[PDB]
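K.L.:
Mind having a look at this structure? Questions to follow.
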Amino acid sequence: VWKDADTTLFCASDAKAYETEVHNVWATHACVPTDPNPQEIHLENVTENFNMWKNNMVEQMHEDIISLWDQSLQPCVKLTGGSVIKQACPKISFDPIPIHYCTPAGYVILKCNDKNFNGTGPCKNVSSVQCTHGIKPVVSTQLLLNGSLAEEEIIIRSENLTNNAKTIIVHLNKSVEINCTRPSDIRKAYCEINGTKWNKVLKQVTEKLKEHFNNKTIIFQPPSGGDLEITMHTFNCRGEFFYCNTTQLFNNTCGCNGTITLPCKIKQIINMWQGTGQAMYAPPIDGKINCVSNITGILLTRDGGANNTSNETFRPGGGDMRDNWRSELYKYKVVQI
Ligand SMILES: CS(=O)(=O)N1CCC[C@H](C(=O)Nc2ccc(Cl)c(F)c2)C1
Ligand SMILES: *[C@@H]1O[C@H](CO)[C@@H](O)[C@H](O)[C@H]1NC(C)=O
Ligand SMILES: *[C@@H]1O[C@H](CO)[C@@H](O)[C@H](O)[C@H]1NC(C)=O
Ligand SMILES: *[C@@H]1O[C@H](CO)[C@@H](O)[C@H](O)[C@H]1NC(C)=O
Ligand SMILES: *[C@@H]1O[C@H](CO)[C@@H](O)[C@H](O)[C@H]1NC(C)=O
Ligand SMILES: *[C@@H]1O[C@H](CO)[C@@H](O)[C@H](O)[C@H]1NC(C)=O
Ligand SMILES: *[C@@H]1O[C@H](CO)[C@@H](O)[C@H](O)[C@H]1NC(C)=O
Ligand SMILES: *[C@@H]1O[C@H](CO)[C@@H](O)[C@H](O)[C@H]1NC(C)=O
Ligand SMILES: *[C@@H]1O[C@H](CO)[C@@H](O)[C@H](O)[C@H]1NC(C)=O
Ligand SMILES: *[C@@H]1O[C@H](CO)[C@@H](O)[C@H](O)[C@H]1NC(C)=O
Ligand SMILES: *[C@@H]1O[C@H](CO)[C@@H](O)[C@H](O)[C@H]1NC(C)=O
């Protein structure tokens with residue numbers, strides 16, 4: 001009694017209308033207040049098919065996050081091509097907030113509750129919703145932060161495991177904490193990670209990929225070329241862009257179960273993930289910067305040519321932030337009634 005049809009969604013959130021936080025301020029006038037009585041109703045004995053890769057819900061989320069960042073973050077010198085802008089860049093307050101996506105009249109969001117759903121194929125436990133759930137728009141590379149965990153075992157999401165061009169999204173079932181600090185060289189910082197927890201999870205991820213890869217041996221080597229943005233766990237902490245060398249995490253060696261410390265730097269000059277170009281920001285806040293986050297997902301790529309070798313090699317990746325969003329909109333699909 002329905003049909004697949006992509007249209008314009010709208011958004012909702014608990015954005016505090018008094019907070020100056022840029023996500024709050026932008027959500028105070030680009031989104032409607034939250035659904036007071038959310039009503040998730042189940043669809044008895046139904047089966048509909050999902051494809052988290054050919055989902056237009058991301059393409060819409062992408063545009064919003066682009067708008068949020070374009071309105072909010074103030075660079076001292078925005079640059080493009082055949083143009084150079086030189087505005088101001090004061091001290092802000094950054095901290096993502098959950099925003100809910102919603103469907104207008106005549107349409108509805110279908111949700112996939114199969115716990116072991118890989119993102120693609122038929123879904124047996126389908127329930128409809130008027131809006132999604134709170135989704136923090138967190139921008140990052142290699143690791144996915146402050147995300148939603150799985151409800152069973154690790155999941156391997158890829159549009160096509162056969163193609164090495166396609167990225168691999170590893171959905172963890174156990175969040176691993178990351179703790180990054182710049183104490184009172186002002187651009188030097190470090191991230192602390194529990195080696196024990198991590199190596200175990202990584203060992204779990206190893207066997208999970210063996211299953212999908214004919215028991216071949218796997219190796220986690222570091223990135224193979226690219227910009228500093230892509231070869232470093234790039235993210236944002238309280239406004240300041242952090243660049244973290246994850247070489248310790250991606251090794252096949254792991255007395256290596258204490259506290260893994262990763263060296264980081266706060267960069268003022270970055271390569272925008274919108275593609276636009278490069279941008280420069282002010283020094284950091286006069287004090288002690290600190291963010292504690294949950295490692296939820298992992299973003300990997302695989303090298304080709306190994307159809308006659310024994311083992312398989314994966315490197316942490318990213319770049320396209322659509323995968324960051326698609327890591328949250330995988331279970332949703334928009335249908336018109
Ligand atoms: C055009 S691009 O998509 O190939 N590519 C260009 C180079 C780097 C870009 C990027 O990832 N920037 C980026 C910036 C800030 C943060 Cl906090 C982050 F996590 C990432 C992506
Ligand atoms: C369907 O999903 C719901 C919500 O996640 C959960 O209670 C359970 O996994 C399933 N319930 C039934 C009756 O199949
Ligand atoms: C996901 O499940 C479908 C079956 O519904 C299967 O064809 C596909 O290969 C699976 N993909 C991965 C990455 O496991
Ligand atoms: C981190 O994960 C724990 C459970 O694993 C959860 O209770 C907590 O809210 C998460 N924190 C964030 C910031 O997502
Ligand atoms: C996570 O998944 C692995 C297999 O992928 C499983 O062995 C493990 O028990 C799971 N852990 C949790 C906390 O669900
Ligand atoms: C997966 O990728 C391979 C290699 O690029 C390609 O030849 C094949 O057609 C793809 N398979 C599917 C099912 O899309
Ligand atoms: C994070 O690390 C800082 C310094 O490395 C430490 O003072 C703080 O207690 C840590 N916080 C958590 C939640 O682990
Ligand atoms: C690592 O996690 C274990 C539990 O798996 C916990 O007992 C310990 O405090 C953690 N150690 C570090 C160094 O984070
Ligand atoms: C992988 O090896 C296990 C035994 O270690 C075997 O039971 C299973 O059939 C193999 N699977 C694949 C896909 O090769
Ligand atoms: C990360 O550190 C390792 C040594 O710990 C070094 O070999 C590597 O070049 C560093 N990564 C980058 C992107 O410079
Ligand atoms: C993740 O959430 C925690 C708690 O809400 C926050 O302290 C931290 O800054 C967040 N990390 C990122 C990268 O947004």
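Residue numbers start at 1 in each chain; chains themselves are named A, B, ... in the order of the structure tokens; ligands are numbered from 1 in the order shown.
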Counting only C-alpha atoms, which residues in region 234-308 of chain A sit no more than 8 Å from region 174-182 of chain A? For each one, give the nearest pair of atoms and the distance in Å, sorted by chain then residue number, as JSON lines.
P.N.:
```
{"residue": "A:288", "atom": "CA", "partner": "A:182", "partner_atom": "CA", "distance": 5.7}
{"residue": "A:289", "atom": "CA", "partner": "A:182", "partner_atom": "CA", "distance": 5.1}
{"residue": "A:290", "atom": "CA", "partner": "A:181", "partner_atom": "CA", "distance": 4.4}
{"residue": "A:291", "atom": "CA", "partner": "A:180", "partner_atom": "CA", "distance": 5.5}
{"residue": "A:292", "atom": "CA", "partner": "A:179", "partner_atom": "CA", "distance": 4.4}
{"residue": "A:293", "atom": "CA", "partner": "A:178", "partner_atom": "CA", "distance": 5.2}
{"residue": "A:294", "atom": "CA", "partner": "A:177", "partner_atom": "CA", "distance": 4.5}
{"residue": "A:295", "atom": "CA", "partner": "A:176", "partner_atom": "CA", "distance": 4.9}
{"residue": "A:296", "atom": "CA", "partner": "A:175", "partner_atom": "CA", "distance": 5.1}
```
K.L.:
Given a cut-off of 9 Å, what residues near ligand 8 show up using only C-alpha atoms and all ligand atoms, put as an NGL selection string?
P.N.:
:A and (177 or 192-198 or 200 or 257-260)
K.L.:
Need the shell around region 170-172 of chain A: protein/DNA/RNA residues with any atom at most 7 Å away, counting only C-alpha atoms. Skip same-chain ones fewer than 5 positions apart. Format as a ChimeraX atom specification?
P.N.:
/A:149-150,154-157,296-299
K.L.:
For the selection just defined, write its residues with N, CA and C atoms to a file, as a PDB file, in the first residue's frame.
P.N.:
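result.pdb was written with the following content:
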```pdb
ATOM      1  N   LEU A 149      26.006   1.993  18.206  1.00  0.00           N
ATOM      2  CA  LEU A 149      26.586   0.666  18.108  1.00  0.00           C
ATOM      3  C   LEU A 149      25.566  -0.337  17.561  1.00  0.00           C
ATOM      4  N   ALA A 150      26.058  -1.527  17.225  1.00  0.00           N
ATOM      5  CA  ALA A 150      25.193  -2.604  16.773  1.00  0.00           C
ATOM      6  C   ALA A 150      24.511  -3.275  17.970  1.00  0.00           C
ATOM      7  N   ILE A 154      29.665  -7.738  15.158  1.00  0.00           N
ATOM      8  CA  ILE A 154      30.164  -6.728  14.242  1.00  0.00           C
ATOM      9  C   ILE A 154      29.546  -6.942  12.858  1.00  0.00           C
ATOM     10  N   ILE A 155      29.357  -5.845  12.120  1.00  0.00           N
ATOM     11  CA  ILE A 155      28.737  -5.883  10.799  1.00  0.00           C
ATOM     12  C   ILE A 155      29.689  -5.264   9.786  1.00  0.00           C
ATOM     13  N   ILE A 156      29.731  -5.842   8.590  1.00  0.00           N
ATOM     14  CA  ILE A 156      30.595  -5.365   7.517  1.00  0.00           C
ATOM     15  C   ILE A 156      29.692  -4.792   6.433  1.00  0.00           C
ATOM     16  N   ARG A 157      29.690  -3.474   6.275  1.00  0.00           N
ATOM     17  CA  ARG A 157      28.845  -2.819   5.284  1.00  0.00           C
ATOM     18  C   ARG A 157      29.707  -2.379   4.109  1.00  0.00           C
ATOM     19  N   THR A 296      32.879   4.211  17.508  1.00  0.00           N
ATOM     20  CA  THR A 296      31.767   3.346  17.133  1.00  0.00           C
ATOM     21  C   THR A 296      32.068   2.534  15.878  1.00  0.00           C
ATOM     22  N   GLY A 297      32.415   3.190  14.775  1.00  0.00           N
ATOM     23  CA  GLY A 297      32.667   2.508  13.528  1.00  0.00           C
ATOM     24  C   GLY A 297      34.119   2.628  13.103  1.00  0.00           C
ATOM     25  N   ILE A 298      34.435   1.936  12.018  1.00  0.00           N
ATOM     26  CA  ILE A 298      35.787   1.997  11.502  1.00  0.00           C
ATOM     27  C   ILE A 298      35.613   2.051   9.985  1.00  0.00           C
ATOM     28  N   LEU A 299      36.399   2.880   9.313  1.00  0.00           N
ATOM     29  CA  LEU A 299      36.279   3.024   7.866  1.00  0.00           C
ATOM     30  C   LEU A 299      37.538   2.508   7.186  1.00  0.00           C
TER      31      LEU A 299
END
```
K.L.:
Would you list the contacts of residue 306 (chain A) as a PyMOL selection string, taking every protein, DNA or RNA residue within 12 Å and counting only C-alpha atoms, but skipping same-chain residues closer than 3 positions in sequence?
P.N.:
chain A and resi 162+164+213+216-218+302-303+309-314
K.L.:
Write out the residues from the selection above, keeping C-alpha atoms, as an mmCIF file, in the first residue's frame.
P.N.:
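Ended up saving to part_9.cif:
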```cif
data_model
loop_
_atom_site.group_PDB
_atom_site.id
_atom_site.type_symbol
_atom_site.label_atom_id
_atom_site.label_comp_id
_atom_site.auth_asym_id
_atom_site.auth_seq_id
_atom_site.Cartn_x
_atom_site.Cartn_y
_atom_site.Cartn_z
ATOM 1 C CA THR A 162 34.493 -7.421 -4.696
ATOM 2 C CA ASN A 164 38.317 -2.384 -3.937
ATOM 3 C CA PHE A 213 36.973 -13.089 2.655
ATOM 4 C CA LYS A 216 42.347 -15.259 3.882
ATOM 5 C CA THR A 217 44.795 -13.701 6.311
ATOM 6 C CA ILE A 218 44.244 -9.977 6.883
ATOM 7 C CA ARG A 302 41.401 -2.692 0.574
ATOM 8 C CA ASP A 303 44.128 -2.852 -2.078
ATOM 9 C CA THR A 309 48.216 -13.838 -2.953
ATOM 10 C CA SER A 310 47.227 -15.543 0.308
ATOM 11 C CA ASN A 311 46.316 -12.621 2.568
ATOM 12 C CA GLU A 312 44.374 -9.356 2.411
ATOM 13 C CA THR A 313 45.420 -5.862 3.492
ATOM 14 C CA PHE A 314 43.159 -3.080 4.776
#
```
K.L.:
For residue 271 (chain A), please output as a ChimeraX atom specification all residues within 10 Å (counting only C-alpha atoms; exclusion window: fewer than 2 positions along the same chain).
P.N.:
/A:227-230,269,273-280
K.L.:
Choose the residue, out of A:281, A:330, A:250, A:243, that has the smallest atom-to-atom separation from ligand 1; count only C-alpha atoms and all ligand atoms.
P.N.:
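Distance minimum relative to ligand 1 lands on A:243.
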K.L.:
What residues in region 45-272 of chain A get the DSSP label helix (DSSP H, G or I)? Please answer as a VMD selection string.
P.N.:
chain A and resid 56 to 72 195 to 212
K.L.:
Enumerate as a list in words the residues within 12 Å of ligand 9, counting only C-alpha atoms and all ligand atoms.
P.N.:
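The neighbouring residues of ligand 9 are, in order, residues 207, 208, 209, 210, 211, 212, 213, 214, 215, 216 and 217 of chain A.
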K.L.:
Show me which residues line ligand 2, defined as having an atom within 12 Å of a ligand atom where only C-alpha atoms and all ligand atoms count, and present them as JSON, numbers by chain.
P.N.:
{"A": [40, 41, 42, 43, 44, 45, 46, 111, 112, 113, 114, 115, 116, 117, 123, 124, 125, 126, 127, 128, 129, 150, 151, 152, 331]}
K.L.:
Would you mind exporting N, CA and C atoms of the selected residues as a short mmCIF file (atom, residue, chain, number, x, y, z; two decimals), in the first residue's frame?
P.N.:
```
data_model
loop_
_atom_site.label_atom_id
_atom_site.label_comp_id
_atom_site.auth_asym_id
_atom_site.auth_seq_id
_atom_site.Cartn_x
_atom_site.Cartn_y
_atom_site.Cartn_z
N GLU A 40 6.13 5.04 16.93
CA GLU A 40 6.67 3.99 16.08
C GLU A 40 5.64 2.86 16.02
N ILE A 41 5.07 2.62 14.85
CA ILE A 41 4.09 1.56 14.66
C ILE A 41 4.70 0.48 13.77
N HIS A 42 4.43 -0.77 14.11
CA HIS A 42 5.03 -1.89 13.41
C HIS A 42 4.14 -2.32 12.25
N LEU A 43 4.76 -2.92 11.24
CA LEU A 43 4.07 -3.36 10.03
C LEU A 43 4.03 -4.88 10.05
N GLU A 44 2.86 -5.44 10.33
CA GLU A 44 2.75 -6.88 10.58
C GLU A 44 2.99 -7.67 9.30
N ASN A 45 3.94 -8.60 9.36
CA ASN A 45 4.11 -9.64 8.35
C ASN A 45 4.52 -9.05 7.00
N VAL A 46 5.27 -7.94 7.03
CA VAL A 46 5.70 -7.24 5.83
C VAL A 46 7.18 -7.49 5.60
N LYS A 111 11.54 1.80 8.89
CA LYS A 111 12.70 1.47 9.69
C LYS A 111 12.92 -0.03 9.69
N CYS A 112 14.19 -0.44 9.66
CA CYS A 112 14.58 -1.84 9.58
C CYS A 112 15.18 -2.27 10.92
N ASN A 113 14.49 -3.18 11.61
CA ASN A 113 14.85 -3.60 12.96
C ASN A 113 15.54 -4.95 13.02
N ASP A 114 15.74 -5.63 11.89
CA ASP A 114 16.60 -6.80 11.89
C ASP A 114 17.97 -6.46 12.45
N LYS A 115 18.31 -7.07 13.59
CA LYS A 115 19.50 -6.69 14.33
C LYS A 115 20.77 -6.96 13.52
N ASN A 116 20.76 -8.01 12.70
CA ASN A 116 21.94 -8.40 11.93
C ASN A 116 21.85 -7.93 10.48
N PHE A 117 21.18 -6.80 10.25
CA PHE A 117 20.98 -6.27 8.91
C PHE A 117 22.23 -5.55 8.44
N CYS A 123 14.22 -6.98 4.54
CA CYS A 123 14.10 -6.72 5.97
C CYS A 123 12.79 -7.30 6.47
N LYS A 124 12.86 -8.18 7.47
CA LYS A 124 11.69 -8.91 7.94
C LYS A 124 10.95 -8.19 9.07
N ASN A 125 11.67 -7.47 9.92
CA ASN A 125 11.10 -6.75 11.06
C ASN A 125 11.10 -5.26 10.74
N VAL A 126 10.08 -4.84 10.00
CA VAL A 126 9.98 -3.47 9.51
C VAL A 126 8.95 -2.72 10.35
N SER A 127 9.32 -1.52 10.80
CA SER A 127 8.44 -0.63 11.53
C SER A 127 8.56 0.77 10.96
N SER A 128 7.44 1.48 10.83
CA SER A 128 7.44 2.83 10.29
C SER A 128 7.61 3.86 11.40
N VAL A 129 8.13 5.03 11.02
CA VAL A 129 8.33 6.13 11.96
C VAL A 129 8.03 7.44 11.24
N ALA A 150 26.06 -1.53 17.23
CA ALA A 150 25.19 -2.60 16.77
C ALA A 150 24.51 -3.28 17.97
N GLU A 151 23.64 -4.25 17.69
CA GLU A 151 22.90 -4.94 18.74
C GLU A 151 23.20 -6.43 18.77
N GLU A 152 24.22 -6.88 18.03
CA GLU A 152 24.64 -8.27 18.06
C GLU A 152 26.14 -8.35 17.80
N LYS A 331 19.36 2.08 8.18
CA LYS A 331 18.13 1.37 8.51
C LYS A 331 16.88 2.10 8.08
#
```
